[PDB]
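Step one of this worksheet: look at the structure below.
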Amino acid sequence: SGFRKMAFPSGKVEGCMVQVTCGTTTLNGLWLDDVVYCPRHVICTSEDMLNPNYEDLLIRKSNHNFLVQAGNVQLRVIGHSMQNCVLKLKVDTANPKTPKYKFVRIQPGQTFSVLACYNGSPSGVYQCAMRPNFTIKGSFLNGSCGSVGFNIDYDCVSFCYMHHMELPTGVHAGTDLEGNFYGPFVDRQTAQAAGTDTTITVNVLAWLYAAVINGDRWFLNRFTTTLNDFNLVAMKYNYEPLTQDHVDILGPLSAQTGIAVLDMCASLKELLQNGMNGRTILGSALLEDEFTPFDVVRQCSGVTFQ
Ligand SMILES: *[C@](O)(C(=O)NC)[C@H](C[C@@H]1CCNC1=O)NC(=O)[C@H](CC1CC1)n1cccc(NC(=O)Cc2ccccc2)c1=O
Ligand SMILES: [Cl-]
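This is how it looks when you write it as C-alpha cells:
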C-alpha cells in the first residue's frame with residue numbers, strides 16, 4: 001500500500017552515459033555498442049543558436065573535434081553523422097555495459113523515467129509524461145542536454161527521449177533517439193510556444209483506480225455517465241476526449257476494483273465540477289495525470305525488472 005511517482009531503476013542507463021565536448025560546449029551522450037548519440041547543437045556557439053545551419057556548421061567539424069569521455073577515459077571517435085537533430089559519433093570501443101535496448105517514439109500520455117545527467121555523470125532519476133502538447137515537465141539545467149528518457153521491459157531498456165531545450169513556462173522539449181523532435185519544436189533560439197496543456201484523462205482515471213485500490217474511496221459518488229456526456233464536461237476543463245480504446249485499457253483496473261469505467265468517469269466529472277473541497281487523494285490536492293494504467297498495475301502488483 002501507498003502510491004508514489006516511481007521511476008525505473010537507473011543502473012542499466014547509468015552505464016551508457018558519457019560526456020561529449022565540441023569546442024566550447026559540453027553535454028551528455030548515450031553510448032550504446034560503438035555509437036555515441038548526442039544533440040547536434042553540441043556543435044553550436046551561442047551566436048550560432050539564433051539561426052544555425054547545422055549542415056554548414058558540421059562541415060567545419062572532424063572526428064577529432066568531438067571529445068568523448070567515459071568516466072576518466074577518452075573514447076576514440078572514428079566517424080560522425082547527423083540524423084535529424086542528433087549526432088552519431090562512431091567510437092572504436094563497444095560499450096562493455098550496453099544493455100538490451102530499443103529506440104521507441106512514445107505516444108502523448110505515455111510516461112517514462114529521466115536520468116538527469118551533467119558532464120556525463122548521473123545526478124538523479126524522476127518519472128515524466130509526454131504531454132498532449134508534446135512538452136515534458138522536467139527538471140533540467142544548463143548541461144543536462146543529452147540526458148535520456150526510458151522505459152524498462154524486464155531486461156530491455158526502451159529509450160524514448162533525449163533532452164534538447166527549455167520553453168517558456170519552465171517546460172522541456174526533445175527528440176526520440178532518431179533525433180526527431182516530439183511536437184513542432186526546432187533546435188534554434190527562436191520564439192516557440194508549447195500549445196494548450198490538456199490533461200491525460202485516461203491517466204487521471206488510472207490514478208483514481210489506484211486510490212480505491214489503496215482504500216481512498218471518499219470521491220466515489222452515486223452517479224454514472226455516458227462517454228459523450230463525460231466528454232462534453234471533459235472538453236470544458238481541457239481534458240483529452242475519452243475513447244472506447246481508453247475504456248478497454250482500464251478494463252483490468254475496473255475488474256480489480258468492481259467499479260465500471262463509466263461510474264469512475266461520473267466520479268471524475270463531480271471532482272471537475274465541484275473541486276476537492278480541501279481534501280486529498282493519495283496525498284495530492286489536484287487530479288494527477290502522469291500515471292498510465294500500466295504504471296498503476298506495475299506499482300499495485302509489484303512487477304520487477306532484470
Ligand atoms: C542544453 O543545450 C544544454 O544543457 N547544453 C549544455 C540546454 C538545456 C536547457 C538550458 C536550461 N534548461 C534546459 O533544459 N538547451 C538549450 O540551451 C537550448 C539549445 C537550443 C536548442 C538548440 N536553448 C538555447 C537557447 C534558448 C533556449 N530556450 C529558451 O530560452 C526559450 C524561452 C524563451 C523565452 C522564455 C523562456 C524560454 C533553449 O532551449
Ligand atoms: Cl497537490
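Residue 1 is where the sequence shown starts when you use PDB author numbering, and the numbers rise one by one after that.
A virtual CB, placed ideally from N, CA and C, is assigned to each residue, including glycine.
Residue ranges of each alpha helix (DSSP H) within the region 128 to 163, 4 or longer: Considered as a whole, the region 128 to 163 harbours no complete run of any alpha helix (DSSP H) with no fewer than 4 residues.
DSSP state of residue 101 mapped onto helix, strand, coil: The count along the sequence shown starts at 1 and reaches residue 101 at position 101. In the three-state DSSP reduction, residue 101 falls in the strand class (E or B).
Beta-bridge pairing of residue 111 - partner residues as DSSP gives them: For the purposes of this step, residue 111 is taken as residue 111 along the sequence shown, with counting starting at 1. In the DSSP assignment, residue 111 forms a beta bridge with 129.
Residue 113 and residue 128 closer than 9 Å at C-beta: Counted from its first residue, the sequence shown places residue 113 at position 113. Counted from its first residue, the sequence shown places residue 128 at position 128. Taking 9 Å as the cut-off, the beta carbon of residue 113 is found closer than this to the beta carbon of residue 128.
Whole-angstrom distance between residue 37 and residue 98, CA atom to CA atom: Within the sequence shown, numbered from 1, the residue matching residue 98 stands at position 98. Within the sequence shown, numbered from 1, the residue matching residue 37 stands at position 37. Taking the straight line from one Cα to the other gives about 13 Å.
Same chain, Cβ closer than 7 Å to residue 225, neighbours up to 5 away in sequence not counted: Your numbering for residue 225 matches position 225 in the sequence shown. The answer, listed in chain order, is 262, 265, 266, 269.
Those runs of the alpha helix (DSSP H) which lie wholly inside the region 175 to 204 and span at least 4 residues: Taking only runs of at least 4 residues, no alpha helix (DSSP H) segment lies wholly in the region 175 to 204.
Closest Cα partner of residue 12 within the set 300, 153, 76: Taking the sequence shown and counting its residues from 1, one reaches residue 12 at position 12. The candidate whose alpha carbon is nearest that of residue 12 is 153.
Residues that residue 18 bridges to, as DSSP identifies them: Position 18 of the sequence shown, counted from the first residue, corresponds to residue 18. Residue 18 is bridged by DSSP to 29.
Extent of the continuous beta strand (DSSP E) run through residue 81: Mapped onto the sequence shown, residue 81 falls at position 81. If you look at residue 81, you'll find it in the beta strand (DSSP E) that goes 77 to 83.
Continuous beta strand (DSSP E) stretch holding residue 38: start and end: Taking the sequence shown and counting its residues from 1, one reaches residue 38 at position 38. 35 to 39 is the span of the beta strand (DSSP E), which, as asked, contains residue 38.
Neighbourhood of residue 26 by C-beta, 8 Å cutoff - its chain only, sequence neighbours within 5 removed: Taking the sequence shown and counting its residues from 1, one reaches residue 26 at position 26. Residues 19, 20, 119, 143 of the same chain have their beta carbon placed closer than 8 Å to that of residue 26, with the five preceding and five following residues left out of the count.
Exposure label - residue 121; buried when at least 16 CB within 10 Å: Position 121 of the sequence shown holds residue 121. Classification for residue 121: exposed.
Per DSSP, the bridge partner or partners of residue 166: On the sequence shown, residue 166 is found 166 positions in, with the first residue counted as 1. As a beta-bridge residue in DSSP terms, residue 166 pairs with 172.
Unbroken alpha helix (DSSP H) run spanning residue 269, endpoints: For the purposes of this step, residue 269 is identified with residue 269 of the sequence shown, where counting begins at 1. Residue 269 -> alpha helix (DSSP H) spans 261 to 274.
At least 3 beta-carbon pairs within less than 8 Å: the region 282 to 296 vs the region 101 to 117: Verdict: yes, contact present.
Three-pair Cβ contact test at 8 Å for the region 122 to 141 versus the region 183 to 198: Result yes; three or more Cβ-Cβ pairs closer than 8 Å.
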